[PDB]
Amino acid sequence: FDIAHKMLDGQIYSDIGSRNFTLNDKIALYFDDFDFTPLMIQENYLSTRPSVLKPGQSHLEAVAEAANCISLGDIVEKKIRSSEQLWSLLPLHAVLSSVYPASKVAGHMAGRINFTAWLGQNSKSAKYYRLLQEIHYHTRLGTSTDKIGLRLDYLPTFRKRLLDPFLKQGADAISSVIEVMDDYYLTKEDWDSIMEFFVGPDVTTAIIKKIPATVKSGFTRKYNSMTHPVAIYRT
Amino acid sequence: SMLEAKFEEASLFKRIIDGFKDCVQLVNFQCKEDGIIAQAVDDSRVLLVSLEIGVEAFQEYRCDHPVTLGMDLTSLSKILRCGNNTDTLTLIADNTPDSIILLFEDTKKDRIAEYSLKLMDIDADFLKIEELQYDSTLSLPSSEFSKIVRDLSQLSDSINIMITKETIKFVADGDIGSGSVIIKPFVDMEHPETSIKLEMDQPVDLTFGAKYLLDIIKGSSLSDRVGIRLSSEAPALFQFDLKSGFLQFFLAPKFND
Amino acid sequence: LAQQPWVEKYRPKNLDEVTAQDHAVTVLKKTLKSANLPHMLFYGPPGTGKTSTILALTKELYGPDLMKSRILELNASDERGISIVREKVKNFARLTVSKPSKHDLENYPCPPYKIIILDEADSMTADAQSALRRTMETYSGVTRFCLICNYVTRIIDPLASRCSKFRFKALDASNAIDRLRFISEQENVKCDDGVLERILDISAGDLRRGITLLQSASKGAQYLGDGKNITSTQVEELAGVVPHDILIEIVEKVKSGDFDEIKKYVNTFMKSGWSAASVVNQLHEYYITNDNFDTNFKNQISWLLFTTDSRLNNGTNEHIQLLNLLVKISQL
Amino acid sequence: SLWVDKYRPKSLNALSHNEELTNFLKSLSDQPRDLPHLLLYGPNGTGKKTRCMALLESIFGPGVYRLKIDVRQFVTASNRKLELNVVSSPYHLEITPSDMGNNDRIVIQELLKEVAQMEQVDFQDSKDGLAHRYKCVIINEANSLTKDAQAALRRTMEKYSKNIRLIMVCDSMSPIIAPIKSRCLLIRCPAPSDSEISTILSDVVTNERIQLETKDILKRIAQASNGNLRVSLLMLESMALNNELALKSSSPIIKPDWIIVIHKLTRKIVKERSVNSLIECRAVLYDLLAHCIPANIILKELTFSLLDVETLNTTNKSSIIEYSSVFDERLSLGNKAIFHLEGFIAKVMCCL
Amino acid sequence: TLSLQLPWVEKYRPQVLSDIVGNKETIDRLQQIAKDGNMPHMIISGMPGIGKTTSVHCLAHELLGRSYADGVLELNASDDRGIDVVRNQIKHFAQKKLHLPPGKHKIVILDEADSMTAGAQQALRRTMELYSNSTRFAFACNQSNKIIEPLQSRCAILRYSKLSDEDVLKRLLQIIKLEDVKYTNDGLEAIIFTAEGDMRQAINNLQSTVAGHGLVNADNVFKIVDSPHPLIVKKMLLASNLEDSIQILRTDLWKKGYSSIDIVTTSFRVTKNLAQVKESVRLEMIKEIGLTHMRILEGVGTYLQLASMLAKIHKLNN
Amino acid sequence: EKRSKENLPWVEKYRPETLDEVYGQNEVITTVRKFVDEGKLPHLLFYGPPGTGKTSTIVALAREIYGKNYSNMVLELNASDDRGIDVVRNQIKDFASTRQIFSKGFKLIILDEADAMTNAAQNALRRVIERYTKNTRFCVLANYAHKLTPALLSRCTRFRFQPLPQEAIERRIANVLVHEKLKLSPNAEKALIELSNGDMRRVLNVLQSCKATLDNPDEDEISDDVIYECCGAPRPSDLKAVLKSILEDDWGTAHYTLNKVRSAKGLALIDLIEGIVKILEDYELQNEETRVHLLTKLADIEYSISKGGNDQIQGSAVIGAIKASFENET
DNA sequence: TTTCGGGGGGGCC
DNA sequence: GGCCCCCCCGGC
Ligand SMILES: Nc1ncnc2c1ncn2[C@@H]1O[C@H](COP(=O)(O)OP(=O)(O)OP(O)(O)=S)[C@@H](O)[C@H]1O
Ligand SMILES: Nc1ncnc2c1ncn2[C@@H]1O[C@H](COP(=O)(O)OP(=O)(O)OP(O)(O)=S)[C@@H](O)[C@H]1O
Ligand SMILES: Nc1ncnc2c1ncn2[C@@H]1O[C@H](COP(=O)(O)OP(=O)(O)OP(O)(O)=S)[C@@H](O)[C@H]1O
Ligand SMILES: Nc1nc2c(ncn2[C@@H]2O[C@H](COP(=O)(O)OP(=O)(O)O)[C@@H](O)[C@H]2O)c(=O)[nH]1
Ligand SMILES: [Mg+2]
Ligand SMILES: [Mg+2]
Ligand SMILES: [Mg+2]
């Protein structure tokens, strides 16, 4: 947080400030925490009122230039963490990921400095990708597609076949739904995972909560009262 | 074959190799009509090992022309472990060989195990570093030397040997403290195997690394006595005599400063 | 044999079966008598006969039996880290050469050294390459190294300095027609005049691709059961070359200059599966070799095509790149 | 079972579009003993995997369709344990190494080399008990393989061709390196035409007994799929379910949620151009990426939706397509896709 | 022919604190501490070839007199200094009993303490405190930031400055007087110019001269010594025209044998610290230099790439 | 080795054995000879580009100091041997702190290719070097000076190995020709020196390939043509013709000329680009932007070529870039 | 978070 | 004593 506050300050980037706080000092400030400075800069470079705008330039144009340099720094980072271990490029990354964009949007923070949100989002993405892989390999035998094709095309129709019936015919849907699951070696956990993927106008959280408790209890009882096949043995 | 040398019991060669496998990596054998002489230098160029197995140690030994064999002691030990400790061992080689053949034969049954070890292009000379006139030459049981080395090495990583008139002193100066062991020549007619002999020309004082002495003492399992020859400006000689040959460790003393 | 692809079945068995690499095969043959083979670094584009050349050299040097005891071949499928380089390669290079038999010495030259072939060496890390520098020089009297690569820039400068360089030229209709004609004759493939030349031109330096295309055409002709000569139209169809009608339609749409029409046409075109590289190559051929355009237009289109090809070489989306290139050309 | 999978053809004679490709595959299967390595490339959802399975069924017996899933274990240099789900049949094997990301290389060095370097026991249709045939390995999403993973295939194909034959399937050939493309027979798989899609949908409807007011319905569904047959079948099933197994002239075309989200994002970008708008766009992008929506798909759909706006001029469209090309290249060379997507959106906002 | 002469760097290594040149205030403080005693825990920081190890050794020797061999425990990067070593050997040394003059204590010298791991530094914390009445610690490092904050809190900071030209000239003149070495003023000026405040390099070059050619003059020094290539890179990057920059790059760097990677790294470092150019221009130049550096790392390291980098830099600086 | 030295490659067959056989480094050789002739041997560092004679020089110096048995009196380590922190702390320390086994004298440690060593090992080497300087001397050899730590450089006396001069290369070629019974034309020698770029390894390899190329080396003379076919390099006439066509002909003529020139001998585009760059760097361009555009575009094309791509498109890009850049001349 | 390689420090044996 | 495993940096 302190690094982000200091590096997103317009004073140091002015002629006098640059004379006192030099570029070497900025690179050292980056190196103080080289694993979190780029993420903090990327997170907090859109929430400032700049004081370094060039004559005729707007805030949006400076933001775009900073984003372009952030993308270039991301490419350099990918090169550093590779099969070649090109750590000698760490200083260049310092200029491409943190220093240059801040110098382009340096000013006064317009709000509270926020912690980087990329780590939680990445963890969520990894969890959802693992769930998608589980569903894909639980339904590979009956489907002709990849995981991406399964997510983008198959899952909506599976929702129409699996969740809509419960909302229309009440408990009577259970049997039918079970059949569909049996046709694709699907389990209750897979059912929930599939229901947890949709976004936008097709979010099922509220609808699923609105389902009657008795209907869900009967569905669970029917599922646990039968014998189901297994797609993969000893997962 | 060009070279055929039979060991009655494979344990003999296994023990001889076991005496210096922990201090060198690559060995060079050079077989002649008068036995097998081998040399090995350590990675630090501080210790040299010279073995001179004679022809009297083999059931039969035949060698037409001198033959050189560069080998790695790790692979040799690995293969020798394969053979049992109750079988005859034939070393076989041909003209300018590309491999050395170890043949384990068990006369009890009709089982024959042949192992071919690929040789290495090790080109080096021996230089016969056996400086003519040393300054002091002592001989004492290997057990006492091993005990002294093991006791003193626990104090310091360096051990100093002083040879004075009728006095041999081993000194170690470590962190927790220091330790000195003094032994004077003595003879027992009842049991001469335990006697200590010293022939002295000029006083000697030489320092050595404890690791190298700890490696060297492993040869006590081959001989009941050890001969230590010391001379200033020359490496120290530690000789263990065998049934027909011997094993010599030449250890360079540390610089004084 | 009859159960093997033609590319492997017509792999040069000896150094006399290499078609258009005489500038290096000559010195390689001379080494068979001189017995002073230097460290070699083969580099060139795909399908020029580098692996075949080294394998044939090994055939002619040691023979079928002594080969396995004198050759150490490692490729990208094998782990070649710094530890592997410092242990396995070093140990093999330190060994004495295997003993030749009386037959081997009576028939084959049997040079007094072994060979280590690091195929696809461009996939090795810089540290692993540096680990080989002194190994190559110290044991040059018992071992020789052959580094085979496609991108010579990926080999560190010291290694390239230590190795004698051999460039394998691209194989075209002027220097590889004889081998393709021989393969067709042995396989009894009846083709119209200029079909083999068209195949070699489409291959663009890759004789393996040409042989595969010839095999595909032969299979099609055999399955057709008409006893008719293979034509260039079928060869182009099997090679994924865009028909000239589609190309003239594309250039006409570009000449129109309307963004929406160009976008619609590209959307329809992308549904046929044509590769963007072929489209770019054919557009370059059509534009650069046309007298209807001025010098400035060609100057700009050359750079535009170069940029598009470089971007496509990085595994980018073909639809977006093709649309961008066509729009930019239309605005020239 | 969905209609998309319940009516998939299982033989080369059951294919119903691109008859020229069917004839080419039949010619290839006529003498399969010398079949070279194959690389099938074309648009998504056209039927490439179906054609590969049909070719395998033509080469071997109908038994290629008895698939079983097994788990293979791998160990990295750091001792980390990895698992790969392999689909196998008595005649062929299937792998998707990209599932392990940068570790896919290990597969090409451990699994494939294990299959090709050893013979296989075949106690059916054989007298001695040893297979007298080559093993066919199918690599799916071959365009997703790392460059070193692809390089690991070269000598494997060039050395053990007598025992292993590879049929790779990809959507684009640009990611494939030149040596691999040179080592394979390239097969282009054109997308089905609108008439063929309409015929397939009509057959499906007749089999399922779905009432249709007019056949033009199936035409519109064909146009909305942009040549994707899988999407066409799934959309037909969804519309039939949402219209009580009866499609009328007024039945809307159902689009998936992510497309609607991307269209809303495009509308927002067009309407508002500021840094606050960019912050909300970042939020939407994070939401899209967290739900297994690939970044490249997002970029392509966003670019085309922006270019399909009836308010922008030619200059705006040219700038948008140029930025899309540049940032697609950036994505291909980068790791954090959110950075490149945000940069592209910011540039588009600036140009507009 | 097999006997070696002691280098002047070791033959004239200062043995008393009065012979250390530069950092007059700190040396005076050390001398007064030696005169009185009660040495505190200290950390001496600086850059290579300034006299940190010499200062610590001289202080310890003068403080402990004949008891140097029993009251000084010296450990450097060539010795094992892990957590176990700190927890056993150093602890035992600190707990050791030894008789010393009234105001003297045992000394634990840790040369190049920066390389020490965090665990060992943490373990040293309470050891430096429980036994401060008999043992004191003197760390010597190049980068003070590598020493953890708790350790810095317990010690006195002694940051050394680079030796000025006057001090280097004084010590060099003393050495010349002792060795009776013929010299010229320009030769000494060139030696100082190449030294860059490093006394070790100055003495080494002075020995190489005389040993190589004899009389010390600019000609011989520059015959054996090379002007620091960073200055050449700075001149290349500050040329008014592209022609001059390319001429410098070719004649002075490429034809002299300098590698492309070295040239690009030096250009990056020099551009970082060009206080006479605006920050934005420097950042653009650094972006271009980074592009060229990545290209060179990929394997394409050629004169053409460096020429293109210079052309782009001149494009920016216009 | 195996058999006589005639089975070795020329790069290894002609390796300098003494210090008077090293050419092109007169200053360094004289300085080191004077140092060894008076016992004033400091910690040496040899910084230089590939194939300049650093390893040969240090081995010759070791042979001069010790003799034929130098291999038994020095500790030589390189990138092929592990040189971690443990190695420095045990093996190097033991070697430096111990007397010679075979014969008296000081200890020499040659860390060849030290630029590959890690920072930790170099840092550990500092006090090892500084403490045993009384009886041990360290020699370091490097091609990249940025990998060496500042302290290690401070502790070493630097010697720069320049790219080999023209005169030294000619003298070595004369010796090789005399020993091999070969004849070389003056233009052949000119081409060999030009393509060598100051590396003797390239000279020896190309000369061996030229000898192999000749059908009857006994009385055949090596000409520039032999070099050009052996190396596959473009002829100067070809480069001049291509540049002339690019500069004063239309696009069709330039394309035809480039294609014909390249297909005559199967020349590579990269060599042509290097040749044209060398030719143009001697031109007197009126406008600086012309040179700027030429350099930038040709560097971009070279980088693109380094990763494959389409050869025809790359050649057309070269032609168009040259034409556009020269348009600025006016 | 994170793709090798090197070093340390502990746990089985 | 030796493997075997896990954790942690990497620019100047
Ligand atoms: N000079 C050639 N002469 C005859 N056939 C060739 C020649 N070059 C390539 N081929 C043919 O193409 C096939 C493959 O040749 P390769 O030796 O594998 O080419 P390559 O250059 O080593 O491949 P790369 O660079 O690793 S992609 C051979 O089996 C031959 O059938
Ligand atoms: N102030 C000085 N006065 C006289 N000689 C000096 C001085 N500083 C360094 N030297 C000389 O350079 C040699 C080495 O000095 P050192 O004390 O080793 O430098 P250092 O700063 O401790 O090295 P580092 O920081 O571990 S790289 C000394 O033996 C002296 O001969
Ligand atoms: N000055 C030279 N005089 C004669 N031959 C040389 C000279 N320099 C290099 N060579 C020749 O090139 C071969 C290799 O020389 P090296 O000593 O290995 O060069 P190097 O600079 O040490 O290589 P690097 O920097 O580790 S890539 C020698 O066998 C010589 O035949
Ligand atoms: N009736 C019919 N359906 C096909 C045909 N080819 C593909 N399909 C259908 O289209 C769906 C998608 O095909 P698929 O091979 O998985 O697409 P791809 O792998 O992305 O190329 C499949 O579920 C098939 O049912 C065909 O020739 N005839
Ligand atoms: Mg190959
Ligand atoms: Mg110091
Ligand atoms: Mg060298």
Side-chain angles (χ1 to χ4, degrees), chain A residues 24-25 27-32 34-39 74 77-95 116-126, chain B residues 22 211 214-215 218, chain C residues 79-86 124-128 131, chain D residues 75-80 82 100-106 146-149 334-336 338, chain E residues 47-48 77 80-87 114-120 123 142-146 265-266 268-269 272-273 293, chain F residues 82-89 116-124 146-151:
Chain A
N24 203 144
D25 304 333
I27 287 154
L29 171 75
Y30 161 88
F31 272 115
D32 281 1
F34 67 93
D35 175 80
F36 260 65
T37 320
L39 306 182
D74 181 82
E77 198 219 342
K78 182 174 175 187
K79 284 184 74 171
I80 292 156
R81 302 219 167 70
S82 88
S83 147
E84 298 294 352
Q85 315 330 84
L86 295 175
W87 297 102
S88 58
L89 294 170
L90 275 173
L92 171 62
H93 190 251
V95 175
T116 192
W118 182 91
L119 298 166
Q121 297 287 3
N122 174 31
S123 64
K124 177 178 188 183
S125 314
Chain B
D22 296 342
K211 45 162 97 181
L214 266 297
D215 266 342
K218 252 158 279 172
Chain C
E79 239 275 6
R80 298 179 299 182
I82 208 190
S83 176
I84 298 293
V85 167
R86 281 190 297 207
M124 273 172 84
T125 58
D127 292 330
Chain D
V75 298
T76 83
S78 67
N79 204 1
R80 191 154 167 273
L82 296 170
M100 310 208 262
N102 285 113
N103 274 309
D104 58 319
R105 193 217 281 230
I106 303 181
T146 66
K147 282 191 191 300
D148 260 17
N335 273 348
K336 316 277 183 87
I338 197 80
Chain E
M47 281 170 41
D80 179 46
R81 302 188 305 183
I83 191 181
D84 283 33
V85 182
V86 169
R87 279 177 171 173
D114 38 51
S115 322
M116 279 188 73
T117 68
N142 284 295
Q143 250 64 73
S144 292
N145 47 85
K146 300 284 245 315
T265 50
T266 303
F268 185 103
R269 277 200 261 295
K272 192 166 52 149
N273 321 323
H293 186 182
Chain F
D82 207 85
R83 296 187 289 186
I85 196 97
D86 80 298
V87 179
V88 170
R89 271 193 322 235
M117 263 162 99
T118 69
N119 292 302
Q122 295 181 39
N123 281 310
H146 74 283
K147 298 294 284 180
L148 302 181
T149 63

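Numbered from 1 within each chain, the chains take letters A, B, ... in sequence-line order. These numbers come from the heavy atoms of this one structure, side chains and all, not from hydrogens, waters or symmetry mates.
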Integer-rounded Å distance: [N] [atom2] and [X] [atom1]:
X: E:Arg269; N: H:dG11; atom1: CZ; atom2: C1'; result: 9 Å
X: E:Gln143; N: H:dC9; atom1: CD; atom2: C1'; result: 16 Å
X: E:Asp80; N: G:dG7; atom1: CG; atom2: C1'; result: 12 Å
X: A:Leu90; N: H:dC9; atom1: CG; atom2: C1'; result: 11 Å
X: A:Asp32; N: H:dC12; atom1: CG; atom2: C1'; result: 13 Å
X: D:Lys336; N: G:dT1; atom1: NZ; atom2: P; result: 10 Å
X: F:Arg83; N: G:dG5; atom1: CZ; atom2: P; result: 16 Å
X: D:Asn102; N: G:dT2; atom1: CG; atom2: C1'; result: 9 Å

Among the candidates [options], find the nucleotide nearest to the side-chain atoms of [X].
X: D:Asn79; options: H:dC5, G:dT3, G:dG6; result: H:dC5
X: A:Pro91; options: G:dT2, H:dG11, G:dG6; result: H:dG11
X: F:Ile85; options: G:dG8, H:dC12, G:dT3; result: G:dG8
X: F:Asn119; options: G:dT1, G:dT3, H:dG11; result: H:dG11
X: C:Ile82; options: G:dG9, G:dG6, G:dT2; result: G:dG6
X: F:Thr118; options: H:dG10, G:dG6, G:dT1; result: G:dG6
X: A:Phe36; options: G:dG8, H:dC12, G:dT1; result: G:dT1
X: E:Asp84; options: G:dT2, G:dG10, H:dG11; result: G:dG10
X: A:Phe34; options: G:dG7, H:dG10, H:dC12; result: H:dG10

Nearest non-hydrogen partners of D:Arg80 and D:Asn103, listed with the distance: NH1-ND2, 4.0 Å
Is the backbone of D:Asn335 close enough, under 3.5 Å, to the side chain of A:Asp74 for a donor and an acceptor to pair up by distance? yes
Ignoring hydrogens and geometry, is there a side-chain-to-backbone donor-acceptor pair from F:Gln122 to F:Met117 under 3.5 Å? yes
By nearest-nucleotide position on DNA chain G, the 5'-leaning member of A:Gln85 and A:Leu119 is A:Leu119
When the nearest nucleotide of DNA chain G is assigned to E:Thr117 and to A:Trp87 on a heavy-atom basis, which residue is associated with the more 5' position? A:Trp87
H:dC5 phosphate, OP1 or OP2: any side-chain N/O from D:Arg80 under 4.0 angstrom? no
With a cut-off of less than 4.0 Å, is there a side-chain N or O of C:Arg86 near OP1 or OP2 of G:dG6? yes
Show me the dot-bracket string of DNA chain G, counting Watson-Crick or G-U pairs under 3.5 Å, with | for pairs to another strand and [ ] for crossing ones. ....|||||||..
Determine the Euclidean distance between corresponding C1' atoms of H:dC12 and G:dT1; express it in Å to zero decimal places. 26 Å
How far, in whole Å, is H:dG11 from G:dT2 if one measures between their P atoms? 22 Å
Does the G:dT1 base have a donor-acceptor partner in the side chain of D:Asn335 within less than 3.5 Å? no
Do E:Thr117 and E:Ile83 touch side chain to side chain, with heavy atoms closer than 4.5 Å? no
Do C:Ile82 and C:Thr125 touch side chain to side chain, with heavy atoms closer than 4.5 Å? no
